[PDB]
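> My structure is below; once you've seen it, I'll send some questions.
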Amino acid sequence: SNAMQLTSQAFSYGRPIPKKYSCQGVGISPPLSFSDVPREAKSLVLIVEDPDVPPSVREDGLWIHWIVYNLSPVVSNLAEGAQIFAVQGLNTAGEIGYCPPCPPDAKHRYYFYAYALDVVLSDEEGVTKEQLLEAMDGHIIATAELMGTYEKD
Amino acid sequence: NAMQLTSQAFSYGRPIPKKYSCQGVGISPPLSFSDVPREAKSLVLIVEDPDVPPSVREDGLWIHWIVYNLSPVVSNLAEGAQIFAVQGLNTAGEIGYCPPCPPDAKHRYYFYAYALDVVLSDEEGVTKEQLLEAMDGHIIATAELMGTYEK
Ligand SMILES: [Ca+2]
Ligand SMILES: [Ca+2]
Ligand SMILES: [Ca+2]
Ligand SMILES: [Cl-]
Ligand SMILES: [Cl-]
Ligand SMILES: [Cl-]
Ligand SMILES: [Cl-]
């Protein structure tokens, strides 16, 4: 296509994420595919977040489930639970890496955002979303979005 | 449940019938959209030929059709349909569909459908570049159909 894509073999936009990738299954990271990445991209960034987190546990209403940056722009697929040859940032629990959906109160939406950058960012551990967004500023050449839902059954 | 774009006139990678080319009446081919996400507020269609002779078009890409602000429940466009959406500029410099008319070889014609989470502004003379620049940040699904033409 004419624009960068972020998709998953496991679910289409707005459909349920399989149980395997939630706290009700093994809780591993879902498969994701990047395609049509601009040739000028030098790295990719992934941010996964839940704007449906109960506000009584998170006042700003947004829980970050995964941060990955400095991915290769030709990475193509991340297989489920795969090794990440890139830098992982901090989720909202304050730990590195992927946190599975585990919505206590309702069905939630989980948004997966991809960003293509025309630079490689500094190699830093412990990166939060706020810090990452600052580092990206001025370097984002394209974005893509995927969303899936989860509701405990 | 991925979004799909199909045509009752040709399956993926197969020849586009003559009537949709310059060798016939040259009307737009029938198209069907399936499994458009619920969250979509509009559809976009971009049809282009990356096999255009580079001596004619240096960048190697000729746009044959741009449509945006299609209803997300439009479901199908009949052959040569009156379009209830906005048509943009093709590379010939005209609004609407330009048929395949490859002079030199078999070409591939790619049809890309995009579901957006917004309705774009109603504008005249919209080019592919302007359309794509506005779509970034709003695309929620993509589907591809391809057909070939050879004189
Ligand atoms: Ca007929
Ligand atoms: Ca004219
Ligand atoms: Ca109008
Ligand atoms: Cl995938
Ligand atoms: Cl959750
Ligand atoms: Cl059709
Ligand atoms: Cl042509």
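In the structure tokens, each chain is lettered A, B, ... as it comes, each chain's residues begin at 1, and ligands are numbered from 1 in order of appearance.
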Show me, as a list in words, the residues of chain B whose atoms get within 10 Å of chain A, using only C-alpha atoms for the distance check.

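Close to chain A, chain B has residues 1, 2, 3, 35, 36, 37, 38, 39, 40, 46, 110, 111, 112, 113, 114, 128, 129, 132, 133, 135, 136, 137, 138, 139, 140, 141, 142, 143 and 144 of chain B.
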
> List all protein, DNA and RNA residues that have an atom no more than 9 Å from any atom of ligand 7, counting only C-alpha atoms and all ligand atoms, and report them as an MDAnalysis selection string.

chainID B and resid 21:22 49 51:53 62 64 98:103 107:109 149

> May I have the residues within 7 Å of range 77-79 of chain B as an MDAnalysis selection string, using only C-alpha atoms and disregarding those fewer than 3 positions away in the same chain?

chainID B and resid 27:32

> For residue 79 in chain A, which residue among A:42, A:48, A:65, A:29 is the nearest when counting only C-alpha atoms?

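Comparing A:42, A:48, A:65, A:29 against residue 79 in chain A, the winner is A:29.
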
> Please find the residues contacting ligand 2 at a distance of at most 9 Å between atoms, with only C-alpha atoms and all ligand atoms counted, and report them as JSON, numbers by chain.

{"B": [92, 93, 94, 95]}

> Do you know which residues are at most 8 Å from range 25-27 of chain A counting only C-alpha atoms, after dropping those on the same chain fewer than 3 positions away, and could you put them as a PyMOL selection string?

chain A and resi 19-22+99-101

> Mind checking which residues fall within 10 Å of residue 95 in chain A, counting only C-alpha atoms, ignoring those fewer than 3 positions away in the same chain, and posting them as number ranges by chain?

A: 65-66, 88-92, 98-99, 126, 128

> Quick one: residues within 9 Å of ligand 5, with only C-alpha atoms and all ligand atoms, as a list in words?

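The residues near ligand 5 are residues 22, 23, 50, 52, 53, 54, 63, 65, 99, 100, 101, 102, 103, 104, 108, 109, 110 and 150 of chain A.
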
> How many Å separate CA of residue 87 in chain A from CA of residue 120 in chain A?

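Taking CA of residue 87 in chain A and CA of residue 120 in chain A, their separation equals 11.2 Å.
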
> List every residue of chain B that DSSP, applied to the backbone of this structure, places in strand (DSSP E), and write the result as number ranges by chain.

B: 4-6, 14-15, 31-34, 42-49, 62-70, 76-77, 86-87, 107-116, 139-149

> Could you tell me, as a VMD selection string, which residues of chain B DSSP assigns to alpha helix (DSSP H) when given the backbone?

chain B and resid 128 to 135

> Kindly provide, as number ranges by chain, all nucleotide and amino acid residues lying within 10 Å of ligand 1, counting only C-alpha atoms and all ligand atoms.

B: 8-9, 19, 79

> Please, which residues have at least one atom within 10 Å of an atom of ligand 3, using only C-alpha atoms and all ligand atoms, listed as a CSV table (one decimal) with N, CA, C and O atoms, in the first residue's frame?


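Printed below is pocket.csv as written:
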chain,number,residue,atom,x,y,z
B,69,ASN,N,-13.6,9.7,1.0
B,69,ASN,CA,-14.9,10.0,1.7
B,69,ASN,C,-16.0,9.1,1.1
B,69,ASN,O,-17.1,9.5,1.2
B,84,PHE,N,-20.7,8.5,-5.2
B,84,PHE,CA,-21.2,9.4,-4.1
B,84,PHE,C,-20.1,9.5,-3.1
B,84,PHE,O,-20.2,8.9,-2.0
B,85,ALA,N,-19.1,10.2,-3.5
B,85,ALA,CA,-17.9,10.4,-2.7
B,85,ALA,C,-17.1,11.4,-3.5
B,85,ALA,O,-17.6,12.0,-4.5
B,86,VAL,N,-15.9,11.7,-3.0
B,86,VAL,CA,-15.1,12.8,-3.7
B,86,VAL,C,-14.1,12.1,-4.6
B,86,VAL,O,-13.3,11.2,-4.1
B,121,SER,N,-11.8,16.6,4.9
B,121,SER,CA,-12.4,17.7,4.3
B,121,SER,C,-12.8,17.5,2.9
B,121,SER,O,-12.1,16.9,2.1
B,122,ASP,N,-13.9,18.1,2.5
B,122,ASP,CA,-14.5,18.0,1.1
B,122,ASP,C,-13.7,19.1,0.3
B,122,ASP,O,-13.8,20.3,0.5
B,123,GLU,N,-12.8,18.6,-0.6
B,123,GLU,CA,-12.0,19.5,-1.4
B,123,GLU,C,-11.9,19.2,-2.9
B,123,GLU,O,-12.2,18.0,-3.2

> Please identify all polymer residues within 10 Å of residue 39 in chain A, counting only C-alpha atoms, omitting same-chain residues fewer than 4 positions from it, and present them as a count of residues only.

4

> Between B:13, B:80, B:50, B:60, which one has atoms that come closest to ligand 6, using only C-alpha atoms and all ligand atoms?

B:80

> Rounded to one decimal place, report the CA of residue 75 in chain A-CA of residue 45 in chain B distance in Å.

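CA of residue 45 in chain B lies at a distance of 27.7 Å from CA of residue 75 in chain A.
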
> CA of residue 85 in chain A and CA of residue 70 in chain A are how many Å apart?

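So the answer is 8.6 Å.
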
> A:47, A:17, A:135, A:78: which is nearest ligand 4, counting only C-alpha atoms and all ligand atoms?

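Closest candidate: A:78.
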
> Which residue, B:55, B:7, B:148, B:75, has the smallest gap to ligand 6 when you use only C-alpha atoms and all ligand atoms?

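Looking at the shortest contact to ligand 6, the residue is B:7.
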